[PDB]
Amino acid sequence: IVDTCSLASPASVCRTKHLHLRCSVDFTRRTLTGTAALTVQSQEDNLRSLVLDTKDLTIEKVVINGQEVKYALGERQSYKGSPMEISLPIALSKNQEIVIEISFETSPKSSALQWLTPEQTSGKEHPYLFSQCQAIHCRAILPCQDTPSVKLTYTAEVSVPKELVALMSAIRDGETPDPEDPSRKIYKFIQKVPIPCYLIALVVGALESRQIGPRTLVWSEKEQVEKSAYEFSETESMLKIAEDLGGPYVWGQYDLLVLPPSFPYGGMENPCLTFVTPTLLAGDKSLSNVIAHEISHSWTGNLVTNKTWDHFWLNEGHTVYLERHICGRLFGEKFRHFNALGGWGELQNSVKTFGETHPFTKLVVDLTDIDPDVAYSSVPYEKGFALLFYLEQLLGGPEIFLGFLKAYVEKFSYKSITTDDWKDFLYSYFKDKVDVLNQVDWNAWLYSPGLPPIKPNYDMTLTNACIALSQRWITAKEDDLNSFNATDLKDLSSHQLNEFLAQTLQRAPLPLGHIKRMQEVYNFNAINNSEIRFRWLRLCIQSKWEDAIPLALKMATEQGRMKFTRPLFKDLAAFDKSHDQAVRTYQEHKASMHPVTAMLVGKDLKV
Ligand SMILES: O=C(CCCCCCC(=O)Nc1ccccc1)NO
Ligand SMILES: [Yb+3]
Ligand SMILES: [Zn+2]
């Protein structure tokens with residue numbers, strides 16, 4: 001097994017056991033500067049050198065046993081960064097540990113980091129910094145074996161301007177004034193559970209907290225605290241359900257941090273401190289499945305981890321499966337099936353977008369010479385989910401398959417694993433149903449592009465109204481438009497309204513007159529729920545409604561969740577009326593965008 005996204009020595013040569021990070025966040029220079037002390041364990045006899053990943057890091061020196069040592073940085077390999085070879089001063093025997101202290105500074109263009117000016121924040125007085133290391137951005141913060149095949153504990157001391165707060169994916173372990181600079185405070189952290197380095201995270205800004213459960217604080221700027229506390233109030237109930245499904249929660253606290261709007265993902269499962277988009281702040285808790293997802297990664301991802309990124313689906317697909325059980329326990333089995341079926345629709349979309357023979361539609365993907373951020377899609381989520389839901393149905397239902405899931409989490413806790421590890425364990429657990437498992441077309445599900453070979457069975461109860469209303473609109477002629485009215489929506493939940501629009505969007509464009517009628521009778525322009533507004537605006541732009549141009553440009557730029565920003569820019573570029581403005585808008589905003597989002601939007605727009 002080779003990690004084709006990492007240039008570091010593999011785990012078979014040496015393993016990092018601990019990181020102690022001492023750093024200072026310099027907002028004037030947009031640099032993090034300090035020392036990364038790696039405790040490294042040789043796995044070989046006579047070990048005399050090793051290699052770490054880095055990306056846009058300036059290295060000042062490397063210290064082992066109190067003396068500077070030789071090191072060299074290799075040529076940059078695009079998104080992978082530059083390998084750093086370190087010459088050890090004394091050859092190591094197998095299992096010997098040493099500490100390697102590297103003094104480094106980050107680049108302002110670090111792909112792991114977004115540096116925000118005061119104007120870019122809610123409070124407008126103070127700047128803000130946040131990280132996003134998954135998949136392979138930790139190397140752009142500090143030198144490391146930047147591979148999920150290696151798990152380490154960490155401690156950290158972070159010096160920041162004294163008016164600001166630092167938080168990490170770790171337990172808070174104190175704060176004191178910085179003795180080197182009384183304008184600063186050092187915040188300390190400890191992560192005692194071994195983690196892959198993609199789970200290292202840092203935020204610095206003017207943060208406040210509010211308790212919302214026995215093991216949960218919400219953190220955000222002051223302006224968002226009250227709304228966030230309400231929106232995420234189900235979090236303890238979800239954690240309790242998740243513990244029933246997965247076993248004990250091992251991480252101590254489960255805090256939430258609500259980022260500024262350019263955070264690129266819905267959420268990120270950083271241990272102890274899940275990061276979430278403010279786009280979840282719908283006002284009615286309706287987008288709480290994202291919280292259930294991130295919670296679920298406390299087991300599937302954070303405890304049992306993909307050994308390399310080719311096996312991402314292990315992390316995401318199992319998380320989606322647990323996510324959907326939490327939501328089904330809370331809101332009912334009919335809702336689990338509704339969400340499940342919605343997920344298949346998203347998979348349909350992704351397969352159509354890439355093409356049915358595209359490599360990135362395989363469940364296990366080969367990332368040789370592929371930047372994960374470019375290949376990122378709904379495929380691992382939803383083809384993964386569909387496999388597990390198909391297995392659930394084959395093997396005797398949800399209670400049975402949940403016994404497997406708990407057993408799997410137990411078996412592989414604290415480890416990093418491959419698809420074949422998972423498959424082997426599935427066969428071991430279900431050894432009395434091997435004949436059933438042998439009906440599965442493993443090669444097609446795991447290794448073939450396109451839609452899966454079999455579609456699961458779904459309860460249609462909550463979906464039927466959505467499909468019926470979509471079909472009414474699609475089949476309407478001009479003389480049927482008058483028949484639509486606001487009462488059509490009266491028995492539909494926000495989730496159903498979303499699914500009505502996703503179903504309709506799958507047949508877009510519709511006639512411009514239909515779309516104008518839809519606004520006249522349903523007033524979708526008034527809905528601030530981000531998922532609904534996203535699909536509505538896509539529907540309007542694809543249907544060539546010029547009045548939607550400013551609305552779509554506004555949503556694309558006022559937040560930066562890539563789920564929303566990328567397809568809105570792409571749709572606006574594809575509409576001749578908005579094309580030039582879309583490209584100008586991107587060009588104007590690009591320097592102030594998150595670095596990954598900026599990259600991908602530029603690729604999408606061919607800029
Ligand atoms: O699932 C999420 C949202 C995505 C968070 C970022 C994932 C980045 C990543 O690991 N990308 C990737 C990995 C493998 C293959 C392709 C992309 N939160 O839990
Ligand atoms: Yb030896
Ligand atoms: Zn996830």
# chains A, B, ... in the order shown; residues from 1 in each chain; ligands from 1
>>> residues_near_ligand(ligand="ligand 3", cutoff="12 Å", atoms="only C-alpha atoms and all ligand atoms", output="PyMOL selection string")
chain A and resi 134-135+199+265-270+274-276+289-302+305+312-323+376-378+380-382+384-385
>>> write_last_selection(atoms="N, CA and C atoms", output="short mmCIF file (atom, residue, chain, number, x, y, z; two decimals), in the first residue's frame")
data_model
loop_
_atom_site.label_atom_id
_atom_site.label_comp_id
_atom_site.auth_asym_id
_atom_site.auth_seq_id
_atom_site.Cartn_x
_atom_site.Cartn_y
_atom_site.Cartn_z
N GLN A 134 -7.51 18.87 6.11
CA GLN A 134 -7.89 17.74 5.29
C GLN A 134 -7.95 18.17 3.82
N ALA A 135 -7.41 17.41 2.88
CA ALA A 135 -6.68 16.13 3.05
C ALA A 135 -5.23 16.31 3.35
N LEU A 199 -6.23 16.09 11.02
CA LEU A 199 -7.14 16.51 12.10
C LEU A 199 -6.57 17.62 13.04
N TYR A 265 -16.21 24.21 3.63
CA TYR A 265 -17.04 23.03 3.76
C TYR A 265 -18.17 23.21 4.78
N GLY A 266 -19.16 22.33 4.70
CA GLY A 266 -20.27 22.36 5.60
C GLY A 266 -19.82 22.22 7.08
N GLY A 267 -18.93 21.23 7.24
CA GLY A 267 -18.28 21.01 8.45
C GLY A 267 -17.00 20.23 8.29
N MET A 268 -16.17 20.31 9.32
CA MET A 268 -14.92 19.56 9.38
C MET A 268 -14.80 19.00 10.78
N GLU A 269 -14.57 17.70 10.86
CA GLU A 269 -14.65 16.92 12.09
C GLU A 269 -13.40 17.00 12.98
N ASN A 270 -12.83 18.19 13.11
CA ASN A 270 -11.62 18.29 13.91
C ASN A 270 -11.90 17.85 15.32
N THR A 274 -15.40 20.57 16.32
CA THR A 274 -15.94 20.52 14.94
C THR A 274 -16.04 21.97 14.38
N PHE A 275 -15.63 22.17 13.15
CA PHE A 275 -15.73 23.47 12.46
C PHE A 275 -16.98 23.43 11.61
N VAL A 276 -17.79 24.48 11.63
CA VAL A 276 -18.95 24.49 10.71
C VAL A 276 -19.15 25.85 9.99
N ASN A 289 -28.43 17.92 10.02
CA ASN A 289 -27.76 16.71 9.59
C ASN A 289 -26.27 16.89 9.46
N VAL A 290 -25.80 18.12 9.18
CA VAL A 290 -24.36 18.34 9.07
C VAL A 290 -23.66 18.07 10.41
N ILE A 291 -24.30 18.51 11.49
CA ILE A 291 -23.82 18.25 12.85
C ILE A 291 -23.82 16.75 13.12
N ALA A 292 -24.89 16.07 12.71
CA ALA A 292 -24.90 14.63 12.91
C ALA A 292 -23.76 13.95 12.16
N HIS A 293 -23.47 14.45 10.95
CA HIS A 293 -22.33 13.94 10.19
C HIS A 293 -20.98 14.15 10.92
N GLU A 294 -20.71 15.40 11.28
CA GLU A 294 -19.50 15.62 11.94
C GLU A 294 -19.32 14.88 13.27
N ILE A 295 -20.40 14.77 14.01
CA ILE A 295 -20.40 13.93 15.24
C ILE A 295 -19.97 12.51 14.90
N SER A 296 -20.56 11.97 13.88
CA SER A 296 -20.35 10.56 13.49
C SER A 296 -18.89 10.27 13.19
N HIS A 297 -18.16 11.26 12.65
CA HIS A 297 -16.75 11.09 12.38
C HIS A 297 -15.88 10.86 13.63
N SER A 298 -16.41 11.16 14.81
CA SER A 298 -15.77 10.84 16.08
C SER A 298 -15.45 9.35 16.23
N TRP A 299 -16.17 8.58 15.43
CA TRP A 299 -15.92 7.15 15.33
C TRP A 299 -15.37 6.80 13.94
N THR A 300 -16.17 7.05 12.90
CA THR A 300 -15.81 6.69 11.54
C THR A 300 -15.03 7.78 10.87
N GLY A 301 -13.72 7.69 10.96
CA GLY A 301 -12.80 8.73 10.47
C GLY A 301 -11.76 9.06 11.49
N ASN A 302 -12.19 9.49 12.65
CA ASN A 302 -11.29 9.92 13.70
C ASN A 302 -10.71 8.77 14.54
N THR A 305 -9.57 5.13 10.75
CA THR A 305 -9.13 6.11 9.72
C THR A 305 -8.72 5.46 8.43
N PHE A 312 -10.87 7.00 1.01
CA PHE A 312 -11.70 8.05 1.60
C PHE A 312 -13.09 7.62 1.87
N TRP A 313 -13.68 6.84 0.95
CA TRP A 313 -15.01 6.38 1.15
C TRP A 313 -15.23 5.70 2.49
N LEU A 314 -14.19 5.03 3.04
CA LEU A 314 -14.35 4.38 4.34
C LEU A 314 -14.77 5.42 5.36
N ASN A 315 -14.10 6.57 5.33
CA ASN A 315 -14.40 7.65 6.24
C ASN A 315 -15.78 8.23 5.94
N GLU A 316 -16.02 8.66 4.70
CA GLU A 316 -17.24 9.38 4.43
C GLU A 316 -18.50 8.54 4.31
N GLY A 317 -18.36 7.43 3.61
CA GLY A 317 -19.55 6.58 3.46
C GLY A 317 -20.10 6.02 4.75
N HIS A 318 -19.24 5.57 5.65
CA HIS A 318 -19.67 5.11 6.94
C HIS A 318 -20.21 6.21 7.80
N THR A 319 -19.63 7.43 7.64
CA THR A 319 -20.17 8.57 8.36
C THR A 319 -21.58 8.98 7.91
N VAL A 320 -21.82 8.99 6.57
CA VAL A 320 -23.14 9.26 6.03
C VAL A 320 -24.16 8.23 6.57
N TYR A 321 -23.72 6.95 6.60
CA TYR A 321 -24.58 5.91 7.12
C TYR A 321 -24.94 6.16 8.60
N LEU A 322 -23.98 6.53 9.45
CA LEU A 322 -24.26 6.85 10.83
C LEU A 322 -25.07 8.13 10.98
N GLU A 323 -24.76 9.14 10.15
CA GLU A 323 -25.48 10.39 10.11
C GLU A 323 -26.97 10.11 9.92
N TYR A 376 -12.41 15.70 -5.35
CA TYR A 376 -13.49 15.78 -4.35
C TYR A 376 -14.90 15.86 -4.95
N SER A 377 -15.80 14.98 -4.49
CA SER A 377 -17.20 14.93 -4.94
C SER A 377 -18.09 14.21 -3.98
N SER A 378 -19.38 14.15 -4.35
CA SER A 378 -20.31 13.33 -3.59
C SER A 378 -20.13 11.83 -3.74
N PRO A 380 -17.74 9.49 -2.89
CA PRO A 380 -17.39 8.61 -1.73
C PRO A 380 -18.46 8.59 -0.68
N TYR A 381 -19.18 9.71 -0.53
CA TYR A 381 -20.28 9.89 0.37
C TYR A 381 -21.42 8.97 0.00
N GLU A 382 -21.88 9.08 -1.24
CA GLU A 382 -23.15 8.56 -1.63
C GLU A 382 -23.04 7.20 -2.33
N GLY A 384 -20.61 5.30 -1.40
CA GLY A 384 -20.27 4.60 -0.14
C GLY A 384 -21.54 4.27 0.68
N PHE A 385 -22.36 5.29 0.89
CA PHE A 385 -23.59 5.14 1.62
C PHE A 385 -24.43 4.03 0.93
#
>>> residues_around(residues="residue 38 in chain A", least_positions_apart="5", cutoff="6 Å", atoms="only C-alpha atoms", output="list in words")
residues 18, 19, 99 and 100 of chain A
>>> residues_near_ligand(ligand="ligand 2", cutoff="6 Å", atoms="only C-alpha atoms and all ligand atoms", output="list in words")
residues 45, 46 and 93 of chain A
>>> residues_around(residues="residue 489 in chain A", least_positions_apart="5", cutoff="12 Å", atoms="only C-alpha atoms", output="PyMOL selection string")
chain A and resi 465-466+468-470+484+494-498+500-501+518+521-524
>>> closest_residue(among="A:232, A:219, A:429, A:309", to="ligand 1", atoms="only C-alpha atoms and all ligand atoms")
A:309
>>> closest_residue(among="A:474, A:206, A:258, A:168", to="residue 272 in chain A", atoms="only C-alpha atoms")
A:168
>>> atom_distance(atom1="CA of residue 586 in chain A", atom2="CA of residue 563 in chain A")
16.2 Å
